Each structure stands twice: as structure tokens, then as C-alpha cells.
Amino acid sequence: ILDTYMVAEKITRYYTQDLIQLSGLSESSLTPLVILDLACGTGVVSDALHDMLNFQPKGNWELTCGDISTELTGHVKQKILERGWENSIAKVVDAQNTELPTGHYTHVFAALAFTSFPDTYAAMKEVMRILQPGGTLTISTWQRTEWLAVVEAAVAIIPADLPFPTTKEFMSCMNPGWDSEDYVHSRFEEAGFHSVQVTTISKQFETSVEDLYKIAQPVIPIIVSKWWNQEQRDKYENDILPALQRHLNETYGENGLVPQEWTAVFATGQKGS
């Protein structure tokens, strides 16, 4: 689990500054700040919060870093000790059942996580419960990644007529709609948030062929489970990663850098006073 997430955090860190800006955190009048990094992964939002809030003492604001994964939580637990984040606690938190206190947080952040929750309605209700009156929820969700297009190119050089999902189909297998501004906006209002703002932001970067291969590796079995039949899996499932190796090496080289543009929906809203 953790090795894959160390590859992924090189990318998700590019989306944290806009999340924090959209939240209004810098201008917030709520004090002291009491912040949750929900589904924190390796903690990239927490990294950015400690950079922004490094003009102030540790006692003047509080941070909880919560994730369902014990392995990812342990990584953040160690980062807290290493870097001296004395105001911060990392612990296992299920977004659908947080066990966190009612009316506690001034700000909840959930970066690139809501589509992973089997019951997003339970998670939205939990966030509304654990926010203070006047508290803020700010989230990001993927609209378009481009690692998938590299796997599609690999399947295309397997010499058989094989199905492969588009960006849209892959996004919509679990929790469709969070790639749409209007859907996300409506979800915030339906959950009880006010002063909802939604926007869409792209980042342009480069990813190594080695990193693209590691991103794709755990998702290949899911892809062929959902979109291939058993005959197709029997004959060709083990051909995908070799084809991806070949595609990446021949197109970009063993240490090539693959241009990337990924786009996310950002949304924020406020609990009533």
C-alpha cells in the first residue's frame, strides 16, 4: 500500500495549495483553528497546512490527520514525531463513522478522497456533525486523470479486440458524478452546507515511466474484472503489464518523463451558525 502512495503523493501535493486557498482558511475569524485532514493518505494537506501556519505557535491551532488505512496512518504518525508537529495527532478514522467529537472542527479538508467512500452520504453527515457552527468543509475530487490513457495505449498493442474503459467510465464505477461541478455543488447543498463554491483546476507536470507503471499496477486487476469477460482475462490479463512496459520504454525510454495534465473539481461550503 505505502509504496504506491509514495508515488501518488508526488502528484496530489500539486493540488493542496488551491484546496487551502478555496477554504478561506487564511482569512478565517474562527479561533483557535481546529483542523481535520480527512482521508489524509500520506498527509499532503497536512504538509501544506504546517507550511502556511508556520508563522504561528503550535499551541494556537490543532490538527487531526485521519485515514482508514493503518499503514498510511502509521506513516503520518512517524512524520509527526520526526518533524515536531506537537499540535498534531494521526489516527485511524473512517469518514463514514469518524468517532470524532461533535461540533469540534473549524475546518475539515478531504483531498481526492470522497469518491473512495462507499457511502458518501454517511461521510457528509459525519463532517456536518463534527464541524463547529460556522465551520468549513473543503474537498477536491478528480475530473480527469491521464495515467489511464497510458494503460489504454498498452492494451491497444495487445493483438486482440479488447474492451477498455474511457476516462468517464472508469470515473463512474464507484460514486459517479463527483467529476461534475453541478453535482458536487448540489451534494453540498443537500447535506446542509451554505455559501457553496465550486471550481475546476488543472495542473501540468511530468511523470516518470517508472511511476506511471507503479500507478497502473494495482488497478489492472480491477479494470479487467469490471470490463472483460473470463475468456478475455484467461488469455490476456497477464499481457497488459508487459505491453505497458514495452509501450513506455519504446515511446519515452527507460527513464523518460511523460507529460501530464490532470484536472480536479474543488468545492467548499459552510455549516450554519
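A residue's number is simply how far along the shown sequence it sits, counting from 1.
**OP:** Output the stretch having the higher mean C-alpha B factor in the entry; the candidates are 246-254 and 261-269.
**Re:** On average, C-alpha B-factors are higher across 246-254.
Original post:
On average, are the C-alpha B-factors higher in 35-43 or in 227-235?
Top reply: Result: 227-235.
Original post:
For the listed residues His194, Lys203, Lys79, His107, which one has the largest C-alpha B-factor as given in the deposited model?
Top reply: Spelled out: the listed residue with the top C-alpha B-factor is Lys203.
**OP:** Return the residue from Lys125, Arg144, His185, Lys91 that has the highest Cα B-factor in the entry.
**Re:** The listed residue with the largest C-alpha B-factor is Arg144.
Subject >> Within-chain third of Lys168 by Cα B-factor, per the entry >> reply: Answer is highest: the recorded C-alpha B-factor places it there.
**OP:** Could you say whether, by C-alpha temperature factor, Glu86 belongs to the lowest, middle or highest third of its chain?
**Re:** Tercile = highest for this residue's CA B-factor.
Subject >> Chain-relative CA temperature factor third for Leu241 >> reply: CA B-factor rank for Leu241: lowest third.
**OP:** Just say lowest, middle or highest third for the CA B-factor of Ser29 relative to the other modelled residues in its chain.
**Re:** Highest third of the chain for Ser29's C-alpha B-factor.
**OP:** Taking the chain's C-alpha temperature factors as the reference, tell me which third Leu212 falls into: lowest, middle or highest.
**Re:** Within its chain, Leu212 is a middle-third residue by C-alpha B-factor, going by the deposited values.
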